[PDB]
Each structure stands twice: as structure tokens, then as C-alpha cells.
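Novice: Residue numbers (the deposited numbering), protein chains in the order written: chain O, 1 to 49; chain U, 1 to 101; chain T, 2 to 117; chain 5, 2 to 55; chain I, 53 to 206; chain V, 1 to 111; chain M, 2 to 143. Got a structure for you, questions after.
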Amino acid sequence: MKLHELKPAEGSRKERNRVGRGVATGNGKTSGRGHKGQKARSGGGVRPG
Amino acid sequence: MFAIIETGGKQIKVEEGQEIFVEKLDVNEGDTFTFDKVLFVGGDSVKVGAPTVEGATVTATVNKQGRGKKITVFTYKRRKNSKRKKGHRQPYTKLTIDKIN
Amino acid sequence: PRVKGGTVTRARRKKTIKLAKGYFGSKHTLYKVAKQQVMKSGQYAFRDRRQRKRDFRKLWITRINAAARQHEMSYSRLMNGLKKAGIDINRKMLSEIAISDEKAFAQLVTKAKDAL
Amino acid sequence: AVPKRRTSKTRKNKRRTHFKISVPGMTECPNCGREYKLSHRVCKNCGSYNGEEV
Amino acid sequence: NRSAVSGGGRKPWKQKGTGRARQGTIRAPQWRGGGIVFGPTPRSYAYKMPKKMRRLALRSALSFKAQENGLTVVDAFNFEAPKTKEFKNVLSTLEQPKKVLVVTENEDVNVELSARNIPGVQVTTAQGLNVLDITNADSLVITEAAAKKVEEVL
Amino acid sequence: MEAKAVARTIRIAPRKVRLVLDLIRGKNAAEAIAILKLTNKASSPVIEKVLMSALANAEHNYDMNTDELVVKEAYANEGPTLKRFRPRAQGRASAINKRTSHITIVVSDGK
Amino acid sequence: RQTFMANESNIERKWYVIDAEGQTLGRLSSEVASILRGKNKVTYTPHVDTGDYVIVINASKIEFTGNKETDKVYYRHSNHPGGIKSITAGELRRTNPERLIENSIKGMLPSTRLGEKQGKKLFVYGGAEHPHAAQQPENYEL
RNA sequence: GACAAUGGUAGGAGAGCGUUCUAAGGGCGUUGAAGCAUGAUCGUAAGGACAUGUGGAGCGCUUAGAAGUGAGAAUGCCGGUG
RNA sequence: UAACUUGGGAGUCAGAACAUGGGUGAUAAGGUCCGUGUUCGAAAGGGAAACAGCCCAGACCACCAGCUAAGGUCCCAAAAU
RNA sequence: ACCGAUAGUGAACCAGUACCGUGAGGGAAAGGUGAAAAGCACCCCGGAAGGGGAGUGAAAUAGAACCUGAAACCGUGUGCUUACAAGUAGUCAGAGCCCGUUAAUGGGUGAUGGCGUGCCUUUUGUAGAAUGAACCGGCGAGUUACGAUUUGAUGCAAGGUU
Ligand SMILES: [K+]
Ligand SMILES: [Mg+2]
Ligand SMILES: [Mg+2]
Ligand SMILES: [Mg+2]
Ligand SMILES: [Mg+2]
Ligand SMILES: [Mg+2]
Ligand SMILES: [Mg+2]
Ligand SMILES: [Mg+2]
Ligand SMILES: [Mg+2]
Ligand SMILES: [Mg+2]
Ligand SMILES: [Mg+2]
Ligand SMILES: [Mg+2]
Ligand SMILES: [Mg+2]
Ligand SMILES: [Mg+2]
Ligand SMILES: [Mg+2]
Ligand SMILES: [Mg+2]
Ligand SMILES: [Mg+2]
Ligand SMILES: [Mg+2]
Ligand SMILES: [Mg+2]
Ligand SMILES: [Mg+2]
Ligand SMILES: [Mg+2]
Ligand SMILES: [Mg+2]
Ligand SMILES: [Mg+2]
Ligand SMILES: [Mg+2]
Ligand SMILES: [Mg+2]
Ligand SMILES: [Mg+2]
Ligand SMILES: [Mg+2]
Ligand SMILES: [Mg+2]
Ligand SMILES: [Mg+2]
Ligand SMILES: [Zn+2]
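This is the structure in C-alpha cells:
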């Protein structure tokens with residue numbers, strides 16, 4: 001292990017889900033929130049209970 | 001003398017000294033291939049195959065074995081956020097006819 | 002670190018315009034209009050790669066029917082006869098025959114009438 | 002009184018055919034041969050019209 | 053951000069009547085000189101491994117050097133005054149590569165200075181011994197004392 | 001051979017210059033001078049000075065005889081603008097553009 | 002690929018003559034339309050006028066089945082309002098039968114550029130004679 | 001090799017292209033970098049190279065890390081031109 | 001050749017026609033409310049001139065190959081005057 | 001492992017200026033010649049601006065908002081085509097004319113023919129006469145901290161961990 005040959009173990013690291021970056025991702029344009037509801041808003045939600 | 005030969009799922013009309021283009025074949029780039037599903041024979045001596053002419057054939061010489069022009073498959077469905085883009089180079093095999101029968 | 006969106010918009014858009022080369026007016030100079038007409042070209046070609054087959058089949062059919070009518074037959078009775086006889090040459094090769102030399106087509110016809 | 006659609010370069014140019022101006026009613030002055038002038042008008046240079054200075 | 057950006061407060065134009073968009077402040081992100089939406093904020097990235105895992109890292113690194121033959125034990129260093137020319141002559145007489153890590157029991161000012169100005173060469177003292185250091189190195193030169201001190205720690 | 005002369009930052013607008021250049025393009029030089037000197041448009045003096053400059057510096061620098069010359073390409077390119085404001089009613093402004101031109105005139109002997 | 006396409010300098014547009022003494026116009030005009038488009042040639046190629054010419058003769062002697070000559074009607078319209086004109090097929094057979102056959106065949110041809118060209122290859126005469134023997138035509142029967 | 005599956009919205013899962021910076025390594029560059037423009041180029045896709053003109057000084061490549069990480073729409077904002 | 005159990009993540013709570021058994025209505029509505037099934041939604045293609053919902057049928061890609069479905073075979077417009 | 005002139009300070013420049021408002025107050029735009037000024041002696045056109053040659057310079061195709069210099073936009077020249085034709089403007093087929101490539105089933109144009117009602121949003125459902133966008137370019141939207149939960153990884157294991 002030199003600094004030009006680095007490699008983690010398998011499946012330790014995993015790439016962040018970026019959201020609202022085109023429709024080909026399955027999380028573009030609504031970002032996994034659907035259409036037009038209280039849950040579809042910034043801060044949108046209720047108390048947990 | 002022309003002939004009609006069943007190859008690549010389809011039929012082709014040939015002449016001695018004709019350059020054709022067929023599907024990919026398990027064959028190399030300068031070797032010889034032989035067509036055995038001859039269906040028809042033309043010229044002065046016409047003879048019909050039912051389905052094929054018995055034992056008649058066509059020998060031919062391979063020249064190139066390569067990949068065709070690159071069509072772009074793009075499909076599109078409107079106001080539903082759905083597209084594909086998928087490319088395709090369909091292979092071929094170029095032959096140069098030598099003899100009929 | 003900051004990211005200026007340099008070079009990538011312009012590349013991706015130029016590529017689309019050069020696909021739109023040859024189109025009318027602003028469809029070869031703008032990006033939005035060219036993009037959307039390029040998508041139309043894609044779907045249209047997807048279906049034309051199918052239409053093409055049907056078209057040429059109808060063409061082969063029409064020519065063969067004309068030749069059979071010259072030989073006092075119809076397409077239907079012709080292809081039935083060839084089927085019964087057993088010969089498996091297609092419409093394309095039949096058209097090419099009927100065009101290039103009439104003798105061999107007449108011979109096919111007599112074979113079919115024998116079939117019937 | 003308000004257009005719904007922009008006027009393409011094609012229509013703009015098809016309309017701007019007849020807007021041009023023409024070659025004027027030009028001729029030579031025979032007092033000086035060259036120095037072309039307007040017909041039925043005085044020559045600015047020669048001050049002439051049918052031979053006579055003006 | 054939207055809030056720290058020297059302006060705003062004024063509603064630039066009215067909510068209705070104009071054929072202009074809804075707007076609430078001239079410093080919103082959609083604007084030109086507007087505030088930024090999330091962006092970065094000051095942070096630390098330092099995190100933590102357990103003691104046993106970090107000691108393992110040291111052992112693994114040194115084992116890698118010793119398997120790669122980048123380990124060379126010298127009796128000692130004795131520099132009555134610092135001299136880089138003399139230290140590089142030493143490194144030549146020991147036939148070392150360019151980029152190498154050097155270890156002592158203690159500071160050893162004279163040798164630290166005699167190698168302070170060489171770019172490929174780095175110095176540490178067996179309690180300042182780092183994975184980054186001994187992996188940014190093709191060889192490792194250590195004294196007998198420091199070797200035993202590492203041995204008895206680990 | 002070729003000679004040119006140019007005039008940059010001209011106050012007249014190109015749509016109003018090109019009308020005249022369409023009368024000069026591809027004609028004898030004296031003919032073209034007369035066209036400009038007899039047309040009552042206001043760009044025609046300016047075009048004339050560009051032209052006579054071309055004939056002058058052809059006769060001078062490149063050494064061509066003024067007689068054999070014709071106007072090979074005479075073109076006008078958009079220059080800058082000067083953006084101005086004409087107050088229309090009810091507090092509304094309306095923009096004005098004092099457009100510019102780059103009158104170029106290129107002269108040849110036919111070879 | 003291995004298909005022929007027809008071309009100018011590969012077409013022989015022939016002339017035919019078709020008499021219509023005791024014949025019905027639909028069962029004539031279909032054949033004539035096939036002739037005009039080129040449906041009866043092996044070199045049929047749809048982007049070309051591969052077809053032959055036709056000369057319809059004794060069109061004043063044309064036959065109608067049933068009471069069409071009093072109940073079949075040729076409506077048309079001038080783009081002014083109330084611009085309806087109507088003519089019974091019989092009265093048009095009396096006045097201008099050439100037009101009658103022409104329109105019957107042109108409704109049986111396509112309505113494109115090429116199709117109109119193909120319609121221009123038609124010639125109709127209510128009489129029994131014609132000028133167009135300069136190009137040595139031929140009789141056709143069905 | 002045999003056999004099968006492969007329409008798809010909200011949406012869930014996975015494998016990836018690219019951008020800016022950084023560590024290490026190996027490298028290119030005034031005999032001409034990036035950038036721009038042109039092309040009939042490769043890849044299953046995002047996208048990558050090669051040439052030529054311009055240009056005149058920085059830039060890739062491998063592995064890994066971190067993000068101000070990708071725009072066609074918000075009566076979006078700023079500028080430019082119609 | 002599916003099912004169930006545990007746990008992570010969701011979205012959905014505006015539905016529509018057709019056919020059918022029924023209510024309401026006027027044994028009216030492309031009406032409305034329910035049960036059953038299909039299609040669309042989320043499904044292109046072929047027929048019905050055109051026409052989400054009707055009939056046939058479910059597109060990985062290519063092919064100037066062949067058999068068929070509904071529907072059709074005088075011409076437009078492939079194929080039986 | 002901060003920006004790099006639409007960023008970063010509202011302000012890289014004579015900026016809390018210019019401008020707006022009675023007033024409190026609000027509040028901009030605007031960077032780059034070249035190594036060096038060696039910053040175009042001189043002749044010609046022109047009233048001048050501006051330009052063409054000459055000469056400085058490696059370079060003026062670096063000549064004063066003077067590094068590079070995209071797109072929209074405006075034009076000039078020309079190869080193929082177009083004045084009986086009903087067009088989401090294309091795609092598939094296709095002669096003819098013109099040229100000659102990252103030389104491989106070549107490029108441009110396109111007589112004519114078949115098929116074919118834009119994108120987004122929102123909708124049971126939109127060609128829609130429902131919404132939005134004049135075009136072009138830049139800018140512009142799931143992030144960070146602190147805890148919790150589950151999954152993956154690794155370390156020690158009835159111990160682990162600060
Ligand atoms: K379904
Ligand atoms: Mg989805
Ligand atoms: Mg979108
Ligand atoms: Mg929404
Ligand atoms: Mg809702
Ligand atoms: Mg919701
Ligand atoms: Mg679609
Ligand atoms: Mg951007
Ligand atoms: Mg505030
Ligand atoms: Mg307030
Ligand atoms: Mg408005
Ligand atoms: Mg800011
Ligand atoms: Mg006022
Ligand atoms: Mg499928
Ligand atoms: Mg799928
Ligand atoms: Mg997901
Ligand atoms: Mg962003
Ligand atoms: Mg209702
Ligand atoms: Mg829905
Ligand atoms: Mg069949
Ligand atoms: Mg038919
Ligand atoms: Mg600023
Ligand atoms: Mg800049
Ligand atoms: Mg410049
Ligand atoms: Mg014409
Ligand atoms: Mg119509
Ligand atoms: Mg077409
Ligand atoms: Mg609209
Ligand atoms: Mg925009
Ligand atoms: Zn005079």
C-alpha cells in the first residue's frame with residue numbers, strides 16, 4: 001500500500017445519491033417526493049407521532 | 001449465371017465477381033466460405049430447387065469482416081420523462097464471389 | 002471548492018447542433034429547437050426502420066403481381082402454387098427475377114401451375 | 002394589434018425585396034461627356050443644360 | 053447566504069399588477085449578486101479510529117517496509133555540527149533511494165537539520181511516527197535504540 | 001490585385017447604407033461615383049469618401065491605373081450601438097439605438 | 002440493396018387506347034388508374050411516373066347502372082357562400098362527358114404532385130376519333 | 001454451450017460518464033498548454049481521443065479522497081442581439 | 001412456480017371509458033354511486049378515415065427475410081373484379 | 001484539498017461613489033496592450049474621424065475597455081435546389097448534379113414518394129384554443145452540524161470504548 005495504489009476494502013465505501021440531476025437517475029425532478037403534497041415541500045412533514 | 005442463396009435468414013442474388021454484404025460468419029478475414037442452401041440457378045441453364053438444388057453450391061472469398069455504420073437508437077415518450085439512447089453497429093462479412101456451382 | 006460550469010454545456014450542445022445540421026432555419030442554430038427535433042428524428046427513425054420493411058415488401062408484391070398478370074395469373078394463385086410445389090424463394094428475389102429475365106419467371110409460373 | 006409569432010429571417014428577407022432603391026435617372030453631360038448627370042437637370046459641374054452655362 | 057449578503061429587506065416590486073415575476077428580495081439565489089443556497093460552512097473533518105486499529109496501522113506499514121526491504125538499521129548518528137552534504141554522502145554510502153524516512157530515539161537536532169533541507173527526506177522520532185510518513189517513503193532508516201523503542205511500544 | 005478602404009464607427013445604420021452599396025457592387029468606379037453623387041440618400045457621401053480613398057491608395061500604394069477599376073465587394077458590417085432613451089408616456093421609457101456601420105469598399109483591376 | 006429502382010432514362014411510357022361504348026365508368030376507371038400509375042409493370046416504383054398514357058374514346062356513350070343518371074349528383078362549391086352547383090351525371094354526360102370520366106379517374110388516383118402528373122397523362126373524347134395518332138398508339142381491352 | 005428474461009410513470013435497487021480541487025506516482029508543454037473553431041473518429045450509453053487553423057502558458061494520465069459536482073423551462077435574475 | 005416472516009426505502013388516498021348485474025335519474029346523459037372483469041393511467045405497434053379507454057397484440061438492438069392475428073382483397077391503398 | 005471578476009466584500013477600478021428618494025433609507029455597473037512604450041517618423045485619400053502603405057515589435061491577425069474572443073445577431077461570395085404548390089418542417093426510400101474523407105458499405109444537395117399534430121408542467125385525459133419559455137450566454141435548487149435508527153466495512157470480543 002503506497003499512496004498511488006490505494007484501494008479500500010470491497011463495499012466499505014459507496015457513492016452518495018445526488019438528487020435533482022436529471023430524469024435518468026430515478027430521483028430527478030421530484031427527488032423522491034412525488035407530486036404536490038405536504039410531504040413534497042421544504043420543511044414539509046408532520047411530527048413523527 | 002446467377003444464383004440465389006439462403007444466408008443470414010434471408011436470400012441473396014449473386015454474380016461471379018460480385019461483392020456482397022451478409023451477416024457475421026464464423027470465418028476468418030481472407031479464407032473461403034461455401035454456400036450450400038442454393039435455391040435457384042439462372043442463365044441459359046435454369047434449374048429450380050424444391051426447396052434447394054441438390055448439391056449445387058457457391059464458393060466465395062472473404063475480404064472484410066467488420067462493423068457497419070453506427071445508427072443511434074433513441075426512443076422518446078412525451079411528458080412522462082422517459083428516454084433511451086442506445087447505439088448499434090451491426091456486423092457484416094464482405095465476400096467476393098468466385099464460382100457458381 | 003467551486004465549480005464553474007465551463008466547456009461542458011457548450012460541448013454537449015454543439016454536438017446536438019451538428020446532429021441538426023441540414024435542418025430549416027433556426028433548427029440548425031438553436032439548441033432547444035434542435036434538441037427537440039433531434040429527438041423527433043430518433044423516434045421517427047426508430048419506426049422508419051420498421052416501415053422500411055413493410056414498404057419494400059408491398060413493392061415486391063406489386064411487381065410480382067404485375068408479372069403474373071402478364072402471364073395470366075394472380076399473385077395469390079402464384080404463391081399458393083409455389084408453396085405447394087415447395088419452392089421457398091422470397092418476394093425480393095422473385096421481383097429481381099421478374100425484372101432481370103422473364104424466362105425464368107415463366108418457368109417458375111409453369112412449375113406453379115403444375116402444382117395447381 | 003400585437004404579433005403572436007416572431008417574423009423569421011425567411012419572411013423578413015422575402016419582404017425586403019422591393020424595398021431597394023433604383024439607379025437614378027442618370028445620363029452623360031455632352032459638354033464634358035463623362036461626369037454623368039441627371040436627365041432633365043442642370044449639370045453641377047458644367048453649369049450647363051443644352052449648352053448654356055447657368 | 054441569503055441572510056448575510058448586505059441588502060434585501062426591500063420588496064423590489066409589487067406582488068401583482070406587473071408582468072414581472074414574484075420576487076421578495078434582490079439577494080435571493082436566483083438573482084445575480086444573490087446569496088448562496090447551502091454552500092460550504094466552516095468545518096472539521098478529523099475523525100477517529102480506535103487505539104488498537106491505529107496501532108495496527110503502524111505495525112502494518114512497518115511490516116510492509118520490512119517485506120519490501122525498505123528497512124535499514126544503522127548503529128547511530130553522530131553529528132558534531134549539522135551538514136547536509138555530509139548527510140547525503142551518508143545516504144549514498146548506504147545506497148538509499150530518493151524518498152526515505154528517518155527515525156531516532158529523540159529529536160537529534162544535528163541530524164534533523166542536516167536533513168531539513170533535502171526534499172525527499174523526512175525525519176521523525178518513534179513517538180512522532182506516522183503512517184503517512186512511512187508510506188510516503190521507499191525506504192526507512194532507523195537506529196537500533198529507536199527500533200527497540202518501537203518494538204516495546206508495539 | 002486588390003485595394004480597400006474602410007470607415008469605422010459611422011453614425012448611419014447598415015440597413016440604410018446597404019441600400020446604396022447594392023448599387024455600387026460590381027461596377028466601374030466613375031459610374032459608381034456618379035451613382036453616389038447623384039443619389040440623395042445621406043450615406044452616399046460617406047460611401048464616396050471610402051471609395052475615393054480606395055482609388056487613391058490604389059493609385060498610390062499598389063500602383064494601379066484608376067481607369068480599369070471596378071468595385072468588387074462593397075459591404076457594410078454592424079458596428080457598436082449607442083443605447084439611448086426616448087421618454088414615452090406614463091413614466092415608461094423606450095429604447096433608442098443609434099446604430100453604426102463599417103463601410104468597406106474593395107477595388108480591383110480584374111486580375 | 003438487391004432491388005431495382007426505376008429512373009428517367011429507364012422508362013418507356015407507352016400509349017394505350019381504351020374504348021368505352023358499353024362499359025361502366027367505375028369498372029373502366031379502375032383499370033385506367035392502374036395503367037396510369039404503373040401498377041401493371043414489374044418496374045413499378047412509387048416515386049416515379051412509370052405508367053403509360055391512355056386515350057378514352059366514345060365517352061359520350063358511357064353506361065351507368067341503375068337510376069344513377071337521375072339520382073347520382075356531382076356537387077361542387079365556389080368559395081363564395083351559397084356557392085353550391087349540382088349536376089346530374091346524365092346531364093353532364095350530355096354536356097361534358099370528358100370532364101365526367103376525368104373526375105371519376107382523378108378521384109381514383111392519388112392527390113399528390115406525382116398523382117396530378119399521372120392525371121395529366123389522360124385524354125378523353127366523347128367522340129370516336131382523336132388527334133393523338135401521331136404517336137402510333139395501341140388498343141387495350143378489359 | 002443450452003434455456004429464458006429485457007414496454008414503463010410515481011417510485012425502490014444497482015453499475016457508471018463527466019466537472020473543480022487535493023495526496024502520491026509517472027508525464028506532456030514556446031519544436032507551442034489550456035481555451036475556441038472545423039472534421040467523413042471510438043465506445044451498448046453518459047461521453048473519450050487524433051489531426052488541422054487560431055492561441056500564446058499552463059495542462060493532463062493512473063489510483064484514492066472531498067465537493068459551491070452536470071440546467072431547456074421557475075410571468076426565473078444579469079448582460080447581449082433580434 | 002409462487003408464497004410467507006422479519007427489517008431499510010417509497011409512492012398512492014382527483015381516477016377514466018367499455019362490457020356486465022344493480023341503485024338514483026326519466027328502464028336520459030360522455031351523468032352519478034356500488035360489485036365483477038379488461039384496457040388506459042404507466043403501453044408504443046396493426047384495424048376502427050381521423051379518435052387514452054373499442055378489436056388484435058405487449059417494442060433490448062439490427063435485417064430491402066418468412067408465417068399469421070383482428071380487419072380486409074375494384075382504385076386511392078398491400079392483397080380474389 | 002477558500003473565490004478567481006454574473007465568483008469572492010455592496011465595493012480588485014477614486015464604491016457606500018454615480019443614480020433614486022423630501023427624508024430615514026436603498027444602492028449599482030465597471031479587471032487584463034506589450035518583455036519593455038520601443039505607444040505607428042514619414043507619404044496618400046479625407047474638412048475631420050477613420051483608413052491604406054511604410055517603420056517599432058516575436059506578433060499590430062497585440063494600435064489604447066489594446067490577452068483569448070463562443071452563441072444569439074448582422075452580412076458578402078458561391079456549389080446543389082426552388083415560382084401548379086397545402087408543408088411540427090423531419091425521418092425512411094431515392095434519381096440527378098457537385099466534391100473527394102479520421103478512406104469507410106464516403107461527404108453535400110435533394111426531383112419525387114410513404115409515415116408523421118413541438119418540449120415542459122399539470123391532468124382521468126392536452127396537438128391542444130390549459131400553463132411557461134423571443135433567441136443566445138452565464139448564474140440558479142436535498143446541503144452542513146449535532147443526535148437517533150438500519151445496512152455495509154474493519155478492529156477487539158463477554159468485553160468494547162474513551
Ligand atoms: K398493463
Ligand atoms: Mg422512476
Ligand atoms: Mg424536467
Ligand atoms: Mg410539481
Ligand atoms: Mg394531488
Ligand atoms: Mg405526497
Ligand atoms: Mg414519445
Ligand atoms: Mg451553468
Ligand atoms: Mg435581510
Ligand atoms: Mg420587513
Ligand atoms: Mg408579459
Ligand atoms: Mg455574493
Ligand atoms: Mg412624468
Ligand atoms: Mg418486451
Ligand atoms: Mg425495463
Ligand atoms: Mg434511489
Ligand atoms: Mg450547482
Ligand atoms: Mg364526475
Ligand atoms: Mg397521474
Ligand atoms: Mg401468407
Ligand atoms: Mg391493391
Ligand atoms: Mg462583484
Ligand atoms: Mg472572464
Ligand atoms: Mg479582443
Ligand atoms: Mg414547378
Ligand atoms: Mg388536409
Ligand atoms: Mg418527405
Ligand atoms: Mg402552447
Ligand atoms: Mg435562458
Ligand atoms: Zn456638363
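Ideal placement from N, C-alpha and C gives every residue a C-beta, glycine not left out.
Classify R78 (chain U): buried if its beta carbon has 16 or more other beta carbons within 10 angstroms, exposed otherwise.
Specialist: exposed
Novice: State yes or no: is the C-beta of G45 (chain O) nearer than 7 Å to some heavy atom of ligand 6?
Specialist: no
Novice: Could you name the residues of the same chain whose beta carbon sits closer than 6 Å to that of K86 (chain U), not counting the 5 residues immediately before and after it, in chain order?
Specialist: Same-chain partners within the cutoff: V73.
Novice: To which residues of the same chain is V110 (chain T) closer than 6 Å at the C-beta, ignoring the five residues directly before and after it?
Specialist: Spatial neighbours of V110 (chain T) in its own chain (CB-CB distance under 6 Å, excluding positions within 5 residues in sequence) are listed in chain order as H72.
Novice: With a threshold of 7 Å on Cβ separation, who are the neighbours of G34 (chain O) within its own chain once the five nearest residues in sequence on each side are excluded?
Specialist: Within the same chain, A40 come within 7 Å of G34 (chain O) by CB-CB distance, once the 5 residues on both sides are set aside.
Novice: Using a Cβ-Cβ distance under 8 Å, would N182 (chain I) count as near chain O?
Specialist: no
Novice: For a test of the three-state rule: what should DSSP assign to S94 (chain V), helix, strand or coil?
Specialist: strand
Novice: Using a Cβ-Cβ cut-off of less than 9 Å, give me the residues of the segment 18 to 29 of chain 5 that come near chain V, in sequence order.
Specialist: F20, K21, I22, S23, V24, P25, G26, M27
Novice: Got a sec: does ligand 2 put a non-hydrogen atom nearer than 7 Å to the Cβ of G23 (chain T)?
Specialist: no
Novice: Could you name the residues of chain 5 that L23 (chain V) contacts, counting a contact when the two beta carbons are closer than 7 Å?
Specialist: Ordered by position in chain 5, the residues that pass the 7 Å Cβ test against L23 (chain V) are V24.
Novice: Excluding the five sequence neighbours on either side, which residues of its own chain have a C-beta within less than 7 Å of the C-beta of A68 (chain T), listed in chain order?
Specialist: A99, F106
Novice: Cutting at 8 Å between CB atoms, please list the residues of its own chain near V23 (chain O), excluding the five before and the five after it.
Specialist: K29
Novice: Is the separation between the beta-carbon of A60 (chain U) and that of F33 (chain U) shorter than 8 Å?
Specialist: yes
Novice: With DSSP as the reference, label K14 (chain O) as helix, strand or coil.
Specialist: coil
Novice: Any residues in the segment 78 to 100 of chain M with a beta carbon nearer than 7 Å to a beta carbon of chain T? Which ones, in chain order?
Specialist: none
Novice: Tell me where the alpha helix (DSSP H) around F57 (chain T) begins and ends.
Specialist: 33 to 71
Novice: Taking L36 (chain V) as the query, report the chain 5 residues whose CB atoms sit under 9 Å from its CB, ordered along the chain.
Specialist: Within chain 5, no residue comes near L36 (chain V); the closest Cβ sits about 10 Å away, beyond 9 Å.
Novice: Provide the residue(s) that pair with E64 (chain M) in DSSP beta bridges, ordered along the chain.
Specialist: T25 (chain M)
Novice: How is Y76 (chain U) classed by DSSP in three states: helix, strand or coil?
Specialist: strand
Novice: Could you compute how far the alpha carbon of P31 (chain 5) sits from the alpha carbon of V55 (chain 5)?
Specialist: 16 Å
Novice: Answer yes or no: the CB of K77 (chain U) versus the heavy atoms of ligand 7, is any distance below 7 Å?
Specialist: Checking every heavy atom of ligand 7 against the Cβ of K77 (chain U), one is found closer than 7 Å.
Novice: Per DSSP, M27 (chain 5) is paired with what?
Specialist: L39 (chain 5)
Novice: Within the same chain, show all residues whose beta-carbon is closer than 8 Å to that of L146 (chain I), passing over the 5 residues directly before and after it, in chain order.
Specialist: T124, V126, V193
Novice: Counting along the chain, where does the alpha helix (DSSP H) carrying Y45 (chain M) start and finish?
Specialist: It is not in any alpha helix (DSSP H) - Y45 (chain M) carries neither H nor E in the DSSP assignment.
Novice: Using a Cβ distance threshold of 8 Å, determine whether the segment 47 to 63 of chain T contacts the segment 39 to 49 of chain M, with at least three qualifying pairs required.
Specialist: yes
Novice: Can you tell me which residues fall inside 7 Å of ligand 16, judged by beta-carbon distance to its nearest heavy atom, and keep chain order?
Specialist: Near ligand 16, residues with a Cβ at less than 7 Å from any of the ligand's heavy atoms are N17 (chain O), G26 (chain O), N27 (chain O), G32 (chain O); the list follows chain order.
Novice: State the Cα-Cα distance for the pair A50 (chain U) and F35 (chain U), rounded to the nearest angstrom.
Specialist: 17 Å
Novice: Would the segment 58 to 73 of chain V count as touching the segment 26 to 40 of chain V if we require 3 or more Cβ pairs under 8 Å?
Specialist: When Cβ pairs closer than 8 Å are counted between the two stretches, the segment 58 to 73 of chain V is seen to touch the segment 26 to 40 of chain V, the count reaching three or more.
Novice: Please check if any C-beta of chain I sits within less than 8 Å of the C-beta of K2 (chain O).
Specialist: yes
Novice: What is the DSSP secondary structure of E53 (chain 5), counted as helix, strand or coil?
Specialist: Strand, per DSSP.
Novice: Could you name the residues that DSSP lists as bridge partners for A74 (chain V)?
Specialist: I105 (chain V)
Novice: Return helix, strand or coil for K83 (chain V), following the three-state DSSP convention.
Specialist: strand
Novice: Give me, in chain order, the residues of the same chain whose beta-carbon lies closer than 7 Å to that of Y92 (chain U); leave out the 5 immediate sequence neighbours on both sides.
Specialist: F21, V22, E23, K24, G66, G68
Novice: Indicate whether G86 (chain I) and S191 (chain I) have their beta-carbon atoms separated by less than 8 Å.
Specialist: no
Novice: Rounded to whole angstroms, what is the Cα-Cα separation between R84 (chain I) and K37 (chain V)?
Specialist: Cα-Cα distance, rounded: 52 Å.
Novice: Could you give the DSSP three-state label for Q11 (chain U): helix, strand or coil?
Specialist: strand
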